[PDB]
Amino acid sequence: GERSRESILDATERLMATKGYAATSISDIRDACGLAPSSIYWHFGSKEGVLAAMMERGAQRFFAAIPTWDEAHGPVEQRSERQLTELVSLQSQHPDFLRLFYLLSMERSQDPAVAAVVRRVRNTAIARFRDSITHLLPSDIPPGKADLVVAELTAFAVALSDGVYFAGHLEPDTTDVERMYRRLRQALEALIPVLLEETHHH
């Protein structure tokens, strides 16, 4: 099934870019990838399902290009910096999967299969941020306390990172993605002791 699916998604991607969503028909997609409407529906159920799958595939490619903490090479002190430089580079490309993700997340989606796609991509991003953020804390924090601090830091980072995409979309000419992320790293470093102490009100 995989290869047919890839071909459908490639064609729909190019078509939507060209014509927009509304003007792109299943028949246009067939014309471009050589698979009959019957075969397209069999794989994606609907046009909206195709868009959702195109968004997920973009997301998977994005995440695969960012090393997990264990995959990052070089000194363990600089693994955090390697991850971040890959994020910066991918984000500064302004990838279309993100536009699609934010759009689908805000739409009150007609096709009920879209929500699961949105949820999966979102949870992956949160888990990936969590992964790297755990390594910013001192290693002597009791694990439960660390889980709390990391969760909060992770939400802050995910929020800032979401906003960076909007800045790139709406202020493309004045937005330095590398610099925004540097500010995030700096904010996280500062917030760590704050969260450690405020949490001690437990």
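A residue's number is simply how far along the shown sequence it sits, counting from 1.
Set 151 to 159 against 57 to 65 and average the Cα temperature factors; 57 to 65 ends up higher.
Comparing 175 to 183 with 14 to 22, the higher mean C-alpha B-factor in the PDB entry belongs to 14 to 22. Looking at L103, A113, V88, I126, the one whose CA carries the top B-factor in the deposited record is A113. Ranked within its chain, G49 lands in the middle third, by CA B factor from the PDB record. Split the chain's modelled residues into thirds by C-alpha temperature factor. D96 is in the lowest one.
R30: CA B factor lies in the middle third for its chain, per the PDB record. In the PDB entry, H43 places in the highest third of its chain by CA B-factor.
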